[PDB]
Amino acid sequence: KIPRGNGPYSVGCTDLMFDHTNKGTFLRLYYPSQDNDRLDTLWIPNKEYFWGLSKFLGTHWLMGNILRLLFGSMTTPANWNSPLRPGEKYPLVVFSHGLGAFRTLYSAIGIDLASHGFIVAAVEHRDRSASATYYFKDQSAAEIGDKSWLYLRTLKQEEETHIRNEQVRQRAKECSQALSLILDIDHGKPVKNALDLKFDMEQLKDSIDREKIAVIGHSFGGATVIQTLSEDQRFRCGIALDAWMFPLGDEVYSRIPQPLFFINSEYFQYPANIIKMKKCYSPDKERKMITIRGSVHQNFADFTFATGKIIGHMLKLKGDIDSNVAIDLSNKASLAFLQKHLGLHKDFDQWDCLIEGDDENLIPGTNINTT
């Protein structure tokens, strides 16, 4: 199972699409909830994501059907369309997904932050980095729910520098636009959700702690973090989970005044990537980095929870470390880092020693040698 949150808040989940176009915002919101008696959230909600995951994997098109038979009914422990818990302003996290992922594959992170009192807006990127995503051609196509699908772009070796950079910049824009949509709803903008979902967005009016905004993402998402903080100062700190540094322009490195936290797997990282992380460091800037012992790249996404230990380990969904213990360190270190650089009046500073990598399942900085 994808773990329930460790915080005291009940967790709710809904989807938001505004506007309906390939240029709109698409997000999955995880939020502190009033009620705990709702239907659980369907983890992968459309057959077309399974198709896209199969194209991402480069497997035979029949793997789409297999993946759908195995996982098409799986849920995650968030209350679908639960009323938002009133009477409190919540800090905001914008979450960016990896290459070949989509908005629903980081519920372990999104549920755990929500259980501690954040709203999480996990964006669905329309930059063709997602396995699949969808939008509506126009108001008519939106009305009748005639979904148009967009599938992952396969790149040639020549296309990589140029297209990965064009996409990380779209990702940054999608993070800022998602932020503006949430901030406008918090004001009280009369947003009509493109999806016919029974969660009134008017709930979120005056519910965002507007000074306490952060950007978190895994992999391509980790590079999205860095690009976003460089172009949008409304974000006050970033956390890059096993960031894939390749998409970033050489210009961005010296252009991040915000606090930034690198949380790395043991077995994903390599000299080229670590050097790019080190190009982010200056004595004037706050930087922190840890490595989770025994961990793999997939430890940060929900497929680490989707199978048994033996199959998991075999497919590199799991590492030498227990997945629950792994996500636990990443989420608790994130929480203490957020409290510190957002100025939260919570108890997350109980995990400050994780920021420093002070655990037996933690390495301070990196294992990777860069000389």
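Only the largest set of C-alpha atoms that superpose within 1.5 Å between the two forms is called the rigid core. All residue numbers refer to positions in the sequence shown, first residue = 1.
- Structural divergence in 9 other deposited structures of this protein between 188-196 and 137-145: following superposition by the core, 137-145 has C-alpha atoms lying farther from the shown form.
- Root-mean-square C-alpha deviation from the shown form, taken over all structures in 9 other deposited structures of this protein superposed by the rigid core, is larger for 60-68 than for the alternative among 47-55 and 60-68.
- The deposited model assigns a higher average Cα B-factor to 250-258 than to the other stretch when 250-258 and 127-135 are compared.
- Legend: mean Cα B-factor per stretch from the PDB entry, 260-268 versus 223-231; the higher mean is in 260-268.
- If you compare the C-alpha temperature factors of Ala142, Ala178, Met277, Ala122 in the entry, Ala142 comes out highest.
- Out of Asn165, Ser96, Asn299, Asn193, the entry records its largest CA B-factor for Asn193.
- Sort the chain's modelled residues by C-alpha temperature factor and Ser148 lands in the highest third, per the entry.
- Looking at the C-alpha B-factors along this chain, the one for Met201 belongs to the highest third.
- Per the deposited record, the Cα B-factor of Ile182 falls in the middle third when ranked against the other modelled residues of its chain.
- Ranked against the other modelled residues of its chain, the C-alpha B-factor of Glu174 as given in the entry falls in the lowest third.
- Sort the modelled residues of the chain by CA B factor and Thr104 lands in the lowest third.
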